[PDB]
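One-letter residues, chain by chain:
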Amino acid sequence: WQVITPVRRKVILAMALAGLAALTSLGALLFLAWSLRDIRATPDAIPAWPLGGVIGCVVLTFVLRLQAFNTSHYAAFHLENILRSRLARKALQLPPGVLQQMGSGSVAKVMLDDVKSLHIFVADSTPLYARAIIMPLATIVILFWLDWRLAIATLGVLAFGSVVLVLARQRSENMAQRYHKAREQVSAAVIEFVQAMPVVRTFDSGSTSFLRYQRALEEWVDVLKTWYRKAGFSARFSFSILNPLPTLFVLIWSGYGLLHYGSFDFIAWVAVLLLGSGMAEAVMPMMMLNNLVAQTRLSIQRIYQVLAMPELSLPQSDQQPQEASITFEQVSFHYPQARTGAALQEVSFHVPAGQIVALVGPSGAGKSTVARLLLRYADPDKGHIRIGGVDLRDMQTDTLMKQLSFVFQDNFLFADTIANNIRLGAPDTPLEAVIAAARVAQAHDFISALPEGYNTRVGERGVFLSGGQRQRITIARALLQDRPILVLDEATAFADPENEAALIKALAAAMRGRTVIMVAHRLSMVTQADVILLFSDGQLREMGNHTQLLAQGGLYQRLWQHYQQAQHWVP
Amino acid sequence: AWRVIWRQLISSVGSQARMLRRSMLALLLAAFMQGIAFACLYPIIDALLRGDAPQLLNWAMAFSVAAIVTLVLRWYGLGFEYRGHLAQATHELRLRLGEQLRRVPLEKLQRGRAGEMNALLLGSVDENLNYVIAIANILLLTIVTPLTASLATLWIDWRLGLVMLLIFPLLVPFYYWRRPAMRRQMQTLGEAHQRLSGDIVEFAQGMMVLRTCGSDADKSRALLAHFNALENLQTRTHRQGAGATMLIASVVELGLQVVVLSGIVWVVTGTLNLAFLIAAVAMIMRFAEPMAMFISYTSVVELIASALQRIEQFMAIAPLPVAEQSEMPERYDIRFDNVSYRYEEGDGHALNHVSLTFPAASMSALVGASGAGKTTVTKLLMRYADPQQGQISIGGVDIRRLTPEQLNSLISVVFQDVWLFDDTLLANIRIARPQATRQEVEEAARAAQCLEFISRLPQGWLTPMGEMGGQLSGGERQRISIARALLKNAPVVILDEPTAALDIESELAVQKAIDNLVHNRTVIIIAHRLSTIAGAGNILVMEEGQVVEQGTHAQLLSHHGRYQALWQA
Ligand SMILES: CC(C)(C1=N[C@@](C)(C(=O)O)CS1)[C@H](O)[C@@H]1CS[C@H]([C@H]2CSC(c3ccccc3O)=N2)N1
Ligand SMILES: [Fe+3]
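What about the site of ligand 1?
Neighbouring ligand 1 are A:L165, A:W227, A:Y228, A:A231, A:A235, A:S238, A:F239, A:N291, B:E81, B:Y82 and B:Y131. In this structure, an oxygen atom belonging to ligand 1 sits 3.3 Å away from a side-chain N or O atom of A:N291. In this structure, an oxygen atom belonging to ligand 1 sits 3.3 Å away from a side-chain N or O atom of B:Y82. Look at ligand 1: alone it shows 580 Å² of surface, and the protein chains cover 79% of it. Looking at the shell around ligand 1, the elements that each hand over two or more residues are α8 (207-241) of chain A together with α3 (53-83) of chain B. For the shell around ligand 1, the element with the most residues is α8(A), which contributes 6 residues. Its residues assigned to classes, the shell around ligand 1 comprises 8 nonpolar, 2 polar and 1 charged.

Some remarks on the nonpolar core
A:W220, B:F336, B:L356, B:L366 and B:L381 are the most contacted members of the largest nonpolar core, which totals 86 residues. No other element matches the 11 residues that helix α7 (residues 175-203) of chain A contributes to this core. Sequence-distant contacts of B:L381, that is, excluding residues within four places in its chain, are made with B:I334, B:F336, B:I394, B:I399, B:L407, B:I411, B:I494 and B:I524. A:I267, B:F38, B:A67 and B:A279 belong to the second-largest nonpolar core, a separate cluster that totals 70 residues.

A few points about the UniProt feature "transmembrane region" (unreviewed entry) in chain B
Residue and element names in this part refer to chain B. Mapped onto the present numbering, the UniProt feature "transmembrane region" (unreviewed entry) falls at residues 25-45, 57-76, 131-152, 158-177 and 272-288. Annotation note: span residues 25-45, helix share 100%, strand share 0%, distance between end C-alpha atoms 31 Å. The span residues 131-152 shows a helical share of 91% and a strand share of 0%, and its end C-alpha atoms are spaced 31 Å apart.

Quick word on the interface of chain B and chain A
Quite often, the size of an interface is put as the accessible area lost when its parts meet. Contact residues are listed per partner, giving 132 residues for chain B and 131 residues for chain A. For the pair chain B and chain A, the two sides together bury roughly 13,200 Å², of which 69% comes from carbon and sulfur. Between the two partners, chain B and chain A, sit 1 salt bridge. The partner of A:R183 in a salt bridge is B:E127, and the shortest N-O contact between them spans 3.6 Å. At the boundary of chain B with chain A, the tally comes to 13 residue pairs in polar contact.

What to know about empty space enclosed by the protein
If you add up the space inside the largest cavity, you get close to 120 Å³. Looking at the largest cavity, it is lined by 13 residues, and the ones nearest its centre are A:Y213, B:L97, B:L101, B:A119 and B:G123. Listing elements by their share of the lining of the largest cavity, those giving two or more residues are α7 of chain A together with α4 (85-103) and α6 (113-125) of chain B. Residues of the lining of the largest cavity, tallied by class, amount to 10 nonpolar, 2 polar and 1 charged.

Overview of the domain arrangement of chain B
Residues and elements named next belong to chain B. Looking at chain B, the domain boundaries give domain 1 (2-315) and domain 2 (334-568). When each unit is reduced to the centre of its C-alpha atoms, the spacing between domain 1 and domain 2 is 53 Å. At the junction of the two partners, domain 1 supplies 6 residues and domain 2 supplies 8 residues. Regarding the contact of domain 1 and domain 2, the summed buried area is about 610 Å², with carbon and sulfur atoms giving 43% of it. Summed over the three residues of domain 1 that lose the most area to domain 2, namely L106, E107 and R111, the buried surface amounts to 73% of that side. For the pair domain 1 and domain 2, the interface holds 1 salt bridge. For the salt bridge of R111 with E344, the shortest nitrogen-to-oxygen distance reads 2.8 Å. There are 4 residue pairs in polar contact connecting domain 1 and domain 2.

Observations concerning the side chain of A:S368
Mapped onto the fold, A:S368 is located in the loop between β3 (357-360) and α12 (369-374). Of note is the side chain of A:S368, whose polar atom sits 2.5 Å from the backbone oxygen of A:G364.

A word on the packing of aromatic side chains
Under the counting rule described, the total for this entry stands at 23 aromatic pairs over all chains. Connected via pairs of aromatic rings, a cluster forms that spans A:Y179, A:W227, A:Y228 and B:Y82. One cation-aromatic arrangement involves A:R37 over A:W34; the distance from NZ or CZ to the ring centre is 4.5 Å. Just above the ring of A:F414 sits the side chain of B:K219; from NZ or CZ to the centre is 5.9 Å.

Observations concerning the UniProt feature "transmembrane region" (unreviewed entry) in chain A
Residue and element names in this part refer to chain A. The positions that UniProt labels "transmembrane region" (unreviewed entry) are, in the present scheme, residues 11-34, 46-64, 128-146, 152-168, 233-254 and 266-289. Secondary structure over residues 46-64 splits into 84% helix and 0% strand, and the C-alpha atoms at its two ends are 29 Å apart. Each end of residues 128-146 is marked by a C-alpha atom, and these two atoms are 26 Å apart; helix forms 100% of the span and strand 0%.

A few points about the domain arrangement of chain A
All names here are of chain A. If you check the domain split of chain A, you get domain 1 (1-319) and domain 2 (320-571). Taking the mean C-alpha position of each, domain 1 and domain 2 sit 54 Å from one another. Each partner contributes residues to the interface: domain 1 has 10 residues there, and domain 2 has 12 residues. Classifying every residue of the side of domain 1 that touches domain 2 gives 3 nonpolar, 6 polar and 1 charged.

Here's the deal with the UniProt feature "domain: ABC transporter" (unreviewed entry) in chain B
Feature annotation in UniProt places "domain: ABC transporter" (unreviewed entry) on residues 334-569 of chain B, given in this structure's numbering. Counted over residues 334-569 of chain B, helix gives 31% and strand 21%. Its end C-alpha atoms are 31 Å apart.

Concerning the sheet that holds strand β8 (residues 492-495) of chain B
The pairing of strands in a sheet happens through backbone hydrogen bonds and is either parallel or antiparallel. Residues and elements named next belong to chain B. With mixed pairing, the 6 strands of this open sheet are ordered in space as β7-β8-β9-β4-β10-β11. The sheet terminates laterally at β7 (411-414) and β11 (547-551), the two strands that pair on one side only. Across the sheet, the mean angle separating the axes of adjacent strands is 15° when strand polarity is ignored. In terms of strand pairing, strand β4 (residues 363-368) meets strand β9 (residues 522-525) through 3 bridges, oriented parallel. When the sheet's bridge partners are listed, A365 is paired in β9 with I525. Each of β7 and β8 touches helix α23 (residues 474-487); the most contacted strand, β7, lies at about 180° to it.

Here we look at a positive patch on the surface
There is a patch of like positive charges on the surface, built from A:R171, A:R178, A:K181 and A:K230. Along the chain, A:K230 turns up in helix α8.

As for the UniProt feature "domain: ABC transporter" (unreviewed entry) in chain A
The residues that UniProt annotates with the feature "domain: ABC transporter" (unreviewed entry) are residues 326-562 of chain A. Here residues 326-562 of chain A runs as 29% helix and 19% strand, with 30 Å between its end C-alpha atoms.

Calculation criteria
- Residues numbered from 1 in each chain as written, not as in the entry; some residues may be left out.
- Chains lettered and ligands numbered in written order.
- Heavy atoms only, no water.
- Residues with missing side-chain atoms left out of burial classes, pairs and counts.
- Near = heavy atom within 4 Å.
- Polar contact = N/O pair within 3.5 Å; in protein donor to acceptor, adjacent residues only side chain to side chain.
- Areas by Shrake-Rupley, 256 points an atom, 1.4 Å probe, with all protein chains shown as cover.
- Helix = DSSP H or I, 4+ residues; strand = E, 2+ residues; numbered from the N terminus.
- Nonpolar A, V, L, I, M, F, W, Y, C, P; charged D, E, K, R; others polar.
- Core = buried A, V, L, I, M, F, W, Y, C linked by side-chain atoms within 4.5 Å.
- Buried < 20%, exposed > 50% of the residue type's maximum accessible area, 1.4 Å probe, protein only.
- Contact = heavy atoms within 4.5 Å.
- UniProt positions renumbered as here; feature names shortened; annotations may be inferred.
- Buried area = accessible area lost by both parts, 1.4 Å probe.
- Salt bridge = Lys/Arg side-chain N within 4 Å of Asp/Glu carboxyl O.
- 1 Å grid on protein atoms, 1.4 Å probe; cavity = no way out; pocket = protein on both sides within 12 Å on 5 of 7 lines; lining within 4 Å.
- Points joined across faces, edges and corners; volume = space filled by probe spheres on them.
- Domains from an automatic or database assignment.
- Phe/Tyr/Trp six-rings, centres within 6.5 Å; stacked < 30°, edge-to-face > 60°.
- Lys NZ or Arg CZ within 6 Å of the ring centre and 35° of its normal.
- Pairing = 2+ DSSP bridges.
- Axes fitted to C-alpha atoms, helices over the stretch in contact; angles between N-to-C directions.
- Patch = residues over 30% accessible without salt bridge, like charges linked within 9 Å, V, L, I, M, F, W, Y side chains within 5 Å.
- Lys, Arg positive; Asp, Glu negative; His and termini not counted.
- Charge placed at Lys NZ, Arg CZ, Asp CG, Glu CD.

Printed below as a string of structure tokens:
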């Protein structure tokens with residue numbers, strides 16, 4: 001609706017200013033009719049007062065429409081800033097799973113294009129909509145006061161164009177939605193085709209994907225062509241009868257029919273001429289208005305979706321921080337129906353201080369959900385996860401982020417180039433501490449070999465950082481913060497050989513003296529651990545050390561036999 | 001310029017050049033005859049303030065004749081668009097863009113990093129060319145109709161004619177005279193708007209690391225200060241650019257006032273132009289609606305100009321030179337002779353000065369310390385780009401003598417696939433050979449071991465996979481791609497690093513599938529893991545864009561990064 005306007009004191013003002021501007025423009029045309037009557041009655045004396053009225057109402061109309069646009073644009077900018085502020089304060093408290101999903105193509109796209117389309121609605125269109133209300137609702141009264149017989153013709157032609165355009169809009173009531181459906185489907189086909197071009201180039205001629213794109217294109221073409229036919233055989237008539245020329249054609253012959261059998265007054269005719277002129281260009285932004293307000297209603301419904309979407313992670317700060325333990329208590333969590341991560345039926349396991357815990361999983365989702373859920377991506381349904389004795393559901397979000405220090409696969413880096421990108425935890429950078437934290441295995445040589453030193457720009461527009469060195473940077477950060485529980489996902493994630501040796505030395509420095517829950521896939525780091533847990537399809541199956549599980553005869557000796565065989569290429 | 005827009009518009013419409021030229025002529029004659037009807041409005045009013053019913057009849061009949069003619073002509077000029085001839089125009093434009101995207105060298109397609117989304121965005125935004133008749137109707141009306149009405153009132157009067165001619169039909173050049181100031185200020189606004197979009201992207205992605213560093217509140221305050229700085233720049237720009245915007249929007253009334261004052265000055269003095277002032281005011285009041293339409297459509301004019309410029313720039317790049325295209329070899333001994341290819345000019349000689357030999361019916365390996373380097377040669381073998389110096393050859397025949405078709409069906413590449421495009425998986429296997437039946441798809445799926453997992457998967461080989469293509473592990477995705485390259489019996493197979501996903505399912509199934517595929521085949525494995533490379537028969541080490549020691553495994557054991565590379569495993 002109009003519910004997203006808390007700036008309505010400064011939009012109702014711009015609305016009334018544009019309405020009075022249109023009303024004084026009508027007053028200017030009426031004073032022009034007055035001055036022409038005075039110059040026809042006595043055509044030797046220059047008309048002085050009502051021509052001064054003409055130029056006064058013109059400069060008043062210009063000043064009022066200027067202040068109308070200034071108030072409307074300041075109101076639009078204030079609405080845009082307050083709406084992006086409420087979006088940022090809401091997206092701070094989104095659970096990071098759904099926010100990471102919308103971080104691909106949605107929440108930045110909505111936080112830009114929603115408020116930009118809201119600016120093009122409430123800035124450059126609502127004074128026009130006020131003018132389109134006010135002018136043909138006062139010009140009918142002026143036309144009826146000026147002539148009983150002559151306003152009927154120009155009113156009949158404008159109502160004729162109105163009923164023809166509304167009849168043309170009513171026949172396209174579903175076909176516009178079908179056109180938008182065809183456009184979104186064919187733009188999806190264009191998306192998959194341009195993403196498809198390299199692989200379908202190297203796998204065949206491209207003929208299958210080109211046919212799969214050409215068929216959706218021809219479907220959109222047939223939809224657009226039948227819409228143009230079925231709407232256009234009336235829409236050409238609507239566009240050609242809203243021209244000033246049929247209004248002139250009825251007006252000239254109505255003047256002739258009034259002159260033919262008497263009772264015709266020239267001044268009342270030229271008043272109807274100028275006001276009947278002034279109606280149509282005011283009423284044309286009402287022809288564009290539904291076209292604009294459809295997309296505006298789509299954008300406002302999108303922002304009401306984003307402003308009220310999540311469960312907001314249930315923030316609870318009503319507890320104290322304890323230390324160094326980690327306990328799963330019969331927890332159960334499944335993702336939303338469109339998400340990654342299969343499930344976790346029932347897991348319970350308790351790890352004291354100073355044990356390195358390896359989670360080994362064949363799934364990639366049974367062993368990732370535990371680390372993501374420990375980092376409070378979401379909340380488990382039925383169960384309790386406790387760092388120390390205290391539940392993390394009631395954990396102060398400062399204290400919880402003081403406890404856990406995490407690394408992952410994708411590992412985003414900011415434009416704070418390095419010395420504030422490593423030291424991002426503290427607001428200030430004690431620089432020599434960042435030197436010592438980058439003195440671990442291979443941060444220092446990769447930074448020192450860079451052309452611009454420790455301020456070599458990484459950012460959005462800098463160096464690629466070769467993938468693995470981003471992981472080395474955040475390893476230096478996680479070793480700088482020295483929070484007691486460190487959460488891994490990258491134990492030899494990227495198989496570059498010197499990067500593998502360097503990351504293993506750096507992780508041997510970083511895991512030392514911390515309750516580390518490490519999610520690996522290559523078991524070379526898993527075989528040196530304390531309590532190894534196996535995760536198949538969201539259920540905990542194994543427990544115990546490396547040797548005890550291998551002697552147990554369970555899933556783990558089979559998954560170990562699989563690995564040592566698959567290291568050798570030939571069988 | 002304004003003639004280059006017409007040339008690019010008459011070319012990129014396509015085979016409707018005759019209908020577009022006919023409709024441009026229809027709209028020009030329609031605007032011109034409407035202006036002549038507006039001139040015929042003059043002696044109507046001159047007869048009308050007197051009695052003169054015969055004069056009013058003898059000119060209103062001509063007004064009806066010159067009104068019906070231009071209304072019919074505007075009806076045909078828009079009947080270019082509303083019979084449907086623009087749908088065929090943009091359809092032919094998009095089907096020419098499709099064949100040009102299928103014919104483009106992949107080098108420009110990939111090295112255009114912004115050019116990727118640029119080509120995708122233009123191919124999706126080419127429905128913005130729908131405005132071309134509703135903009136050639138408004139612009140042409142606003143320039144021609146006041147010009148012909150004014151060139152007729154030069155014959156009715158002298159001075160009202162010059163005041164009308166200098167002001168009203170030159171209004172569209174008086175807008176494009178003041179346009180580049182608005183384009184510069186809109187550039188200043190759009191640059192900060194794009195910087196804000198980049199900062200929002202950075203916030204939304206790095207939310208998680210921003211929260212675990214504990215500084216989420218600080219970057220929230222930084223984003224709120226950035227929002228207030230953007231609103232203050234928007235207000236400071238709009239406050240100093242609203243005068244020109246309001247003058248341009250009300251220039252038709254502020255030009256009407258000049259005619260009203262000057263005409264009254266002429267009426268009261270002895271040069272009694274009688275009611276031609278009233279008719280001229282009633283004429284140039286009705287130039288308000290097309291000018292108000294044109295100032296609404298000018299942003300679409302700029303988008304149409306940029307789209308046509310980008311289209312004529314995009315369809316000007318040509319495929320690779322193909323000299324003596326009739327050959328196709330049968331002696332698949334891939335040979336490279338002094339190849340030096342410049343990926344980007346910032347880091348020249350990316351694949352510098354190589355000389356390779358991949359002998360037939362064997363496996364030859366590439367190894368290196370970078371993602372590129374040893375994958376740029378596997379790009380060059382697919383005719384990604386012409387080598388800047390040197391020759392590349394499948395046997396005795398150079399690659400430049402082959403078609404893109406014979407080369408793109410001669411070899412088969414396997415990499416980390418992000419595809420299958422949300423449909424049946426029988427077609428996703430059979431897309432490498434549409435001339436392959438149902439009995440060979442199951443043969444390839446049995447020889448590439450995706451068969452047990454796809455029988456475990458539901459829907460029984462119908463299998464729409466409509467949940468964005470991915471609901472399964474990447475390891476069986478790799479088995480699908482291996483079966484796809486196995487179906488097309490290509491005598492040269494390029495392998496990427498095909499083993500990076502899991503331990504049991506991905507690694508064992510993909511190893512079982514790949515060790516089937518290498519049999520009497522020239523294959524190029526470029527995986528970094530020196531065990532699978534150590535099993536091979538010919539070793540090429542790519543060290544900073546140049547090979548250094550080509551030989552067998554013992555030649556790698558001669559002098560290398562030997563002990564570290566074998567110790568890290
Ligand atoms: C792109 C286009 C030029 C637009 N049209 C606008 C003016 C509209 O709001 O229509 C908004 S962008 C097309 O016309 C599209 C095609 S689908 C719809 C058709 C259905 S019938 C009709 C119409 C009828 C009477 C007068 C003018 C018209 O355009 N338009 N609009
Ligand atoms: Fe339309």
